[PDB]
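Let's start with one chain on its own, the form deposited in one PDB entry, as structure tokens.
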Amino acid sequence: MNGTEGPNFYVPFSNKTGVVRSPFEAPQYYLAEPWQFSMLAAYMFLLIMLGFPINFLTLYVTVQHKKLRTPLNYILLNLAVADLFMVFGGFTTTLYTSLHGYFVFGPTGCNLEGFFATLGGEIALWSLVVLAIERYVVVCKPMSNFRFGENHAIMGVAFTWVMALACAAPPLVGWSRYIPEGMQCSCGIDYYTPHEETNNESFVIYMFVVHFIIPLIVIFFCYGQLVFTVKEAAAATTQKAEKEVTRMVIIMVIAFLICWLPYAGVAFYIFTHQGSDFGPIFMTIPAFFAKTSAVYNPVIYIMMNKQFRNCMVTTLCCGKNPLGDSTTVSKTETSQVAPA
């Protein structure tokens, strides 16, 4: 056999040398060198040191500036939060693991690690479907009359949390499960073994279809309609606003892919070629690289949303003077409404 199946794991290392051992009981240093682990540990340490402030600041600024209530500002508050969950929920355990060499906290540390990453990535995917719509109703405007009040914005955010849970919560209760991957420092869904005892085979399709293919077809086709109205470049007059938020909601989709396609791809490969011959390094790269999903969203936001960027500077400068190159929002300053 080219892997070592366990009742809890599956190390992608042969054990015709009795060197293999439970990623929940001893260092996996025979899978690679002790420094590559120190790399993962340094790398995660930086991810935590970065995703934390970026996401926390984002959260903070959104709430402090009382006029940042568009559905988009809503969605990003959501991501900023989900992201903070990953940071503490999972990255905490994935850092301690990479350090001490194995899932020293057993399956729990593994479900923390694995659960909070899925929760975080699916929330991002399902959020992208919300934006894919909120974006459809503003450009290819349907009803001769409509705009999303915070009313409907709190709807789509509550939604991404149901869908995300529908996908990440099951493995914690008996449908599929979180098992360590790569150098065994991160935990993912079970693609490795059939384990009829929990039905991993069923879930993995449930997930690849209900939580990957479909949201992707939705998000892709919806875009095919928004291929005339708001063309694709960038640089009333209130049209260059929604014509710009859109170019953002689109760079968010490129990024999601860049992040999960390589993982999802390797994950689907495994499922299809279970028990074949792959190494620990195989999935360690797309798995760990995807952990940057806990921080790129706010970066895109702060760079593609002139409005938020200044609101961020405004909070950071306590007062103002945001060296810009259009409307507003804040607190005791000009957070006054200007509707109709």
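By rigid core we mean the largest C-alpha set that fits within 1.5 Å across both forms. Numbering starts at 1 and follows the sequence shown.
task = Can you count, per the entry, how many deposited residues between residue 235 and residue 236 come without coordinates? Answer none, 1 to 3, 4 to 9, or 10 or more.
result = Missing residues, residue 235 to residue 236: 4 to 9.
task = On mean C-alpha B-factor from the PDB entry, just flag whether 48-56 or 309-317 is the higher one.
result = The stretch with the larger average C-alpha B-factor is 309-317.
query = Which is higher in the entry, the mean Cα B factor of 91-99 or that of 146-154?
reply = Comparing 146-154 with 91-99, the higher mean C-alpha B-factor belongs to 146-154.
inquiry  = By the CA temperature factor listed in this entry, which of these ranks top: 78, 111, 118, 225?
reply    = Checking the PDB record, the top C-alpha B-factor among 78, 111, 118, 225 is at 225.
inquiry  = I'd like to know which of 181, 122, 83, 134 has the highest C-alpha temperature factor in the PDB entry.
reply    = That would be 134, according to the entry.
task = Would you please rank residue 293 by its C-alpha temperature factor against the other modelled residues of its chain and give the third it falls in: lowest, middle or highest?
result = Lowest third of the chain for residue 293's C-alpha B-factor.
task = Report the third (lowest, middle or highest) to which the CA temperature factor of residue 284 belongs, ranking only the modelled residues of the same chain.
result = Bottom third by C-alpha B-factor.
inquiry  = When the deposited Cα B-factors of this chain's modelled residues are ordered and cut into thirds, is residue 26 in the lowest, the middle or the highest one?
reply    = Middle third of the chain for residue 26's C-alpha B-factor.
task = Could you tell me which third, lowest, middle or highest, the C-alpha B-factor of residue 186 occupies within its chain?
result = As the PDB entry reports it, the C-alpha B-factor of residue 186 lands in the lowest third of its chain.
inquiry  = Considering every modelled residue of the chain and its Cα B-factor in the PDB entry, is residue 241 in the lowest, middle or highest third?
reply    = CA B-factor rank for residue 241: highest third.
This protein has a second form, the form deposited in another entry, left out of what is shown; the following refers to that one.
ask   = Of 104, 218, 258, 162, which is the single residue whose C-alpha shifts by 2 angstroms or more between this form and the one not shown after core superposition?
value = It is 218.
request  = Answer yes if the CA of residue 194 moves 2 Å or more between this form and the one not shown after aligning the rigid core, and no otherwise.
outcome  = The answer is yes, as the C-alpha of residue 194 shifts between this form and the one not shown by 2 Å or more after core alignment.
message = Rigid core superposed, CA of residue 304 - does it shift 2 Å or more between this form and the one not shown?
response = Residue 304: C-alpha displaced by 2 Å or more between this form and the one not shown.
message = Once both forms sit on the same rigid core, is the C-alpha displacement of residue 152 at or above 2 Å between this form and the one not shown?
response = Comparing forms between this form and the one not shown, the residue 152 CA shifts below 2 Å.
query = Once you compare with this form, do the C-alpha atoms of residue 302 and residue 163 lie closer or farther in the other entry, given a change of 3 Å or more?
reply = Compared with the shown chain, residue 302-residue 163 is closer in the other entry.
request  = Specify closer or farther for residue 250 and residue 79: how their Cα atoms are spaced in the other entry versus the shown form, given a shift of 3 angstroms or more.
outcome  = Relative to the shown form, the pair is farther apart.
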